[PDB]
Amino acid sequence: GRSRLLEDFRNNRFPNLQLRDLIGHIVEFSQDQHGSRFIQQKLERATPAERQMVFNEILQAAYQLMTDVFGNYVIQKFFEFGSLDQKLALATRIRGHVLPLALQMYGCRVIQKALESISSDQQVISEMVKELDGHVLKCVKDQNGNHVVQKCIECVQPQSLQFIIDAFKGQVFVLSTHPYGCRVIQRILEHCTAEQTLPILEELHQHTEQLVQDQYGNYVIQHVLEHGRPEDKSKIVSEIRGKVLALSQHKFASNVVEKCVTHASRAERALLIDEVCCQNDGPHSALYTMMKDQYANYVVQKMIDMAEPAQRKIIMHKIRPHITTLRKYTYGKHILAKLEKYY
């Protein structure tokens, strides 16, 4: 039941209310949208004794607030402004309940806030992260849990995350096409050890042809091209070779092709470009097709940018006559710029 004090506050009868006046009422106010915003605001100016007064009360109902639409922000504010003993005490209230919280709309924010707020070497977060063991795939696919999984990878020591890696065994193809999985895979590639990522990268290479044309998979492949080891870059490039023209005209894979052109060796780059500028297969100039394609024109620009002088001259000579052509097409109207300021 709504106390008179909260009713009175919601009616603006206490225009200069001070945190101290909420003794006994902290939990009630935290579950109220306006009272919660009030407590959030005052915690940022509150003295330490005042924070502690509020803390003593929030600790008593911590789990309840953590899953509350408005109270979860009060909990988060102590992960922001509390001392370590306070944070650890609150995290103690998460422990035992990590899985349900991680799947809960509000609880999942609390968990991420703790992970960002408490040093990874503290026994808690260790205990907290292990609670996800046996539930990793369910969390990864969940709209709330997938952020919790990403935050663990971002904040915790990679060695303790071996269970996540094992969880992904044989699932890297499927999860890379997944709206959240692809994000989880990318955090793994950024944060885990070369030993842990070995099996991930293996499965990525196995399905590169399929992943470069996927709405989410294309991002995972680009990530390896931008941040991976050269030997993995080289593997992805070998899958593109022979398929430049087709993949260049593809909404998703066109992007992968650009990254291949950028991140390949000079030798590899030259062979990719050769496939476009200096070959003959059909009554059409591969370059002509690409120039004015909505997606491929971007690939052509990267090639012009990255080409050796020789290959660039040929690309320019083969575009030169098609000025009027380009004119009509929207997409040729950056290629034309480079042409004019080259001749």
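Residue positions are given as counts along the sequence shown, with the first one as 1.
- Higher mean CA temperature factor between 31-39 and 273-281: 273-281, per the PDB entry.
- Judged by mean Cα B factor in the deposited record, 313-321 ranks above the other of 313-321 and 60-68.
- When the C-alpha B-factors of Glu190, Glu80, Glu231, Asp121 are read from the PDB record, the largest value belongs to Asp121.
- If you compare the C-alpha temperature factors of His97, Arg266, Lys138, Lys169 in the entry, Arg266 comes out highest.
- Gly145: CA B factor in the middle third of modelled residues in this chain (values from the PDB entry).
- Among the modelled residues of its chain, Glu308 has a C-alpha B-factor that falls in the highest third according to the deposited record.
- Residue-level temperature factors show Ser160 in the highest third of its chain, judged at the C-alpha atom.
- Among all modelled residues in this chain, the alpha-carbon of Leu211 has a temperature factor (C-alpha) in the middle third.
- Looking at the C-alpha B-factors along this chain, the one for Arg241 belongs to the highest third.
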